[PDB]
>>> print(open('input_6.tsv').read())   # TSV, N, CA and C atoms
chain	number	residue	atom	x	y	z
A	1	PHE	N	4.78	-31.56	-97.98
A	1	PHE	CA	5.57	-30.37	-98.47
A	1	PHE	C	5.73	-29.45	-97.23
A	2	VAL	N	6.07	-28.19	-97.33
A	2	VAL	CA	6.21	-27.34	-96.08
A	2	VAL	C	4.88	-26.57	-95.90
A	3	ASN	N	4.14	-26.65	-96.97
A	3	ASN	CA	2.79	-26.04	-97.16
A	3	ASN	C	2.32	-25.02	-96.08
A	4	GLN	N	3.12	-24.00	-95.94
A	4	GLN	CA	2.85	-22.90	-94.95
A	4	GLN	C	2.58	-21.57	-95.72
A	5	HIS	N	2.25	-21.76	-96.97
A	5	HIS	CA	1.94	-20.65	-97.93
A	5	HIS	C	3.13	-19.66	-98.14
A	6	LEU	N	3.11	-18.87	-99.18
A	6	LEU	CA	4.27	-17.92	-99.34
A	6	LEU	C	3.98	-16.47	-99.67
A	7	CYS	N	4.42	-15.58	-98.82
A	7	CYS	CA	4.21	-14.15	-99.05
A	7	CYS	C	5.53	-13.37	-99.13
A	8	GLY	N	5.43	-12.14	-99.55
A	8	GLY	CA	6.63	-11.21	-99.70
A	8	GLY	C	7.97	-11.95	-99.77
A	9	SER	N	8.85	-11.64	-98.87
A	9	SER	CA	10.22	-12.27	-98.79
A	9	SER	C	10.32	-13.77	-99.12
A	10	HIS	N	9.55	-14.57	-98.42
A	10	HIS	CA	9.56	-16.04	-98.63
A	10	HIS	C	9.08	-16.35	-100.06
A	11	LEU	N	7.94	-15.82	-100.40
A	11	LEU	CA	7.34	-16.03	-101.77
A	11	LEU	C	8.42	-15.82	-102.86
A	12	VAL	N	8.94	-14.62	-102.84
A	12	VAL	CA	9.99	-14.27	-103.84
A	12	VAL	C	11.19	-15.23	-103.75
A	13	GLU	N	11.76	-15.41	-102.59
A	13	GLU	CA	12.93	-16.33	-102.39
A	13	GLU	C	12.60	-17.68	-103.10
A	14	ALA	N	11.55	-18.23	-102.57
A	14	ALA	CA	10.96	-19.52	-103.00
A	14	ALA	C	10.95	-19.72	-104.53
A	15	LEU	N	10.08	-18.99	-105.20
A	15	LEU	CA	10.13	-19.24	-106.67
A	15	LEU	C	11.44	-18.78	-107.23
A	16	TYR	N	11.94	-17.63	-106.88
A	16	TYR	CA	13.25	-17.16	-107.43
A	16	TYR	C	14.20	-18.31	-107.70
A	17	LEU	N	14.37	-19.02	-106.67
A	17	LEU	CA	15.22	-20.17	-106.61
A	17	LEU	C	14.75	-21.33	-107.44
A	18	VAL	N	13.52	-21.67	-107.25
A	18	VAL	CA	13.10	-22.82	-108.08
A	18	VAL	C	12.93	-22.57	-109.62
A	19	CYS	N	12.48	-21.38	-109.93
A	19	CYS	CA	12.21	-20.88	-111.34
A	19	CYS	C	11.98	-19.35	-111.33
A	20	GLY	N	12.50	-18.67	-110.35
A	20	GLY	CA	12.26	-17.20	-110.31
A	20	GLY	C	13.41	-16.26	-110.65
A	21	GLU	N	14.66	-16.61	-110.53
A	21	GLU	CA	15.76	-15.68	-110.89
A	21	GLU	C	16.02	-15.73	-112.43
A	22	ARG	N	14.87	-15.59	-113.01
A	22	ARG	CA	14.51	-15.57	-114.44
A	22	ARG	C	13.70	-14.23	-114.59
A	23	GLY	N	12.73	-13.89	-113.74
A	23	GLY	CA	12.01	-12.57	-113.92
A	23	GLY	C	12.04	-11.83	-112.56
A	24	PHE	N	11.45	-12.57	-111.67
A	24	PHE	CA	11.18	-12.39	-110.22
A	24	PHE	C	11.89	-11.48	-109.16
A	25	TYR	N	11.09	-11.39	-108.12
A	25	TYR	CA	11.21	-10.68	-106.78
A	25	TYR	C	10.35	-9.41	-106.56
A	26	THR	N	9.62	-8.97	-107.54
A	26	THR	CA	8.74	-7.73	-107.38
A	26	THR	C	7.22	-8.01	-107.49
A	27	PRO	N	6.71	-8.84	-106.62
A	27	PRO	CA	5.31	-9.35	-106.71
A	27	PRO	C	4.17	-8.43	-106.17
A	28	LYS	N	3.61	-7.64	-107.03
A	28	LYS	CA	2.53	-6.73	-106.72
A	28	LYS	C	1.14	-7.43	-106.53
A	29	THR	N	0.85	-7.80	-105.32
A	29	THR	CA	-0.44	-8.49	-104.90
A	29	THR	C	-1.61	-8.58	-105.93
B	1	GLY	N	-3.83	-10.16	-105.95
B	1	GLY	CA	-3.79	-11.25	-106.97
B	1	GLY	C	-2.62	-12.26	-106.81
B	2	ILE	N	-2.23	-12.90	-107.88
B	2	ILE	CA	-1.10	-13.92	-107.88
B	2	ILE	C	-0.19	-14.00	-106.61
B	3	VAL	N	0.31	-12.90	-106.12
B	3	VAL	CA	1.17	-12.95	-104.91
B	3	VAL	C	0.32	-13.36	-103.70
B	4	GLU	N	-0.71	-12.62	-103.35
B	4	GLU	CA	-1.53	-13.04	-102.17
B	4	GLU	C	-1.95	-14.50	-102.47
B	5	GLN	N	-2.19	-14.73	-103.74
B	5	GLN	CA	-2.59	-16.08	-104.19
B	5	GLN	C	-1.53	-17.06	-103.61
B	6	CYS	N	-0.27	-16.84	-103.85
B	6	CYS	CA	0.77	-17.77	-103.28
B	6	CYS	C	0.76	-17.66	-101.74
B	7	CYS	N	0.72	-16.47	-101.22
B	7	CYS	CA	0.69	-16.30	-99.75
B	7	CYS	C	-0.49	-17.09	-99.09
B	8	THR	N	-1.52	-17.42	-99.83
B	8	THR	CA	-2.68	-18.21	-99.24
B	8	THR	C	-2.97	-19.57	-99.90
B	9	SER	N	-2.82	-19.78	-101.17
B	9	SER	CA	-3.11	-21.13	-101.74
B	9	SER	C	-1.88	-22.04	-101.63
B	10	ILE	N	-1.52	-22.30	-100.42
B	10	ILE	CA	-0.34	-23.17	-100.08
B	10	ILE	C	0.99	-23.14	-100.91
B	11	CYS	N	1.11	-22.20	-101.80
B	11	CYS	CA	2.31	-21.99	-102.70
B	11	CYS	C	3.50	-23.00	-102.65
B	12	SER	N	3.41	-23.96	-103.53
B	12	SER	CA	4.45	-25.02	-103.66
B	12	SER	C	4.95	-25.13	-105.12
B	13	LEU	N	5.51	-26.25	-105.43
B	13	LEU	CA	6.07	-26.58	-106.77
B	13	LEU	C	5.15	-26.10	-107.93
B	14	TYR	N	4.05	-26.77	-108.10
B	14	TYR	CA	3.03	-26.44	-109.17
B	14	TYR	C	2.87	-24.92	-109.31
B	15	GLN	N	2.89	-24.29	-108.16
B	15	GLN	CA	2.76	-22.80	-108.08
B	15	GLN	C	4.00	-22.36	-108.90
B	16	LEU	N	5.16	-22.50	-108.31
B	16	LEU	CA	6.43	-22.14	-109.01
B	16	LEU	C	6.36	-22.43	-110.52
B	17	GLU	N	6.08	-23.65	-110.87
B	17	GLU	CA	5.96	-24.08	-112.30
B	17	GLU	C	5.08	-23.06	-113.09
B	18	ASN	N	3.89	-22.89	-112.59
B	18	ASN	CA	2.89	-21.95	-113.20
B	18	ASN	C	3.15	-20.43	-112.89
B	19	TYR	N	4.11	-20.19	-112.05
B	19	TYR	CA	4.52	-18.81	-111.61
B	19	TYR	C	5.82	-18.29	-112.29
B	20	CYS	N	6.75	-19.17	-112.57
B	20	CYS	CA	8.07	-18.85	-113.24
B	20	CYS	C	8.09	-17.55	-114.10
B	21	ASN	N	8.48	-16.49	-113.46
B	21	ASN	CA	8.59	-15.14	-113.98
B	21	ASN	C	9.54	-14.42	-113.04
>>> encode(input="input_6.tsv", output="structure tokens")
Amino acid sequence: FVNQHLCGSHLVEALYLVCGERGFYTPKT
Amino acid sequence: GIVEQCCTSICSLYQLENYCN
């Protein structure tokens, strides 16, 4: 996989796209 | 929590699946 972990911008982009532009982009740690 | 969780527990598919929000 790309397995480089995901934070802020990447994290949100990442799931958004796969299953996130359903709730996503405001991830409070 | 959950976000740092993705930022450190290799955040991939399964993550997304169990994260979908």
>>> interface_residues(input="input_6.tsv", of="chain A", to="chain B", cutoff="7 Å", atoms="only N, CA and C atoms", output="list in words")
residues 3, 4, 5, 6, 7, 8, 11, 14, 15, 18, 19, 20, 21, 22, 23, 24, 25, 27, 28 and 29 of chain A
>>> atom_distance(input="input_6.tsv", atom1="atom N of residue 26 of chain A", atom2="atom CA of residue 2 of chain A")
21.9 Å
>>> select_by_dssp(input="input_6.tsv", residues="chain B", states="alpha helix (DSSP H)", output="VMD selection string")
chain B and resid 2 to 8 13 to 19
>>> axis_aligned_box(input="input_6.tsv", around="segment 6-21 of chain A", padding_each_side="5 Å", output="JSON")
{"center_x": 9.6, "center_y": -17.0, "center_z": -105.4, "size_x": 22.9, "size_y": 21.6, "size_z": 24.0}
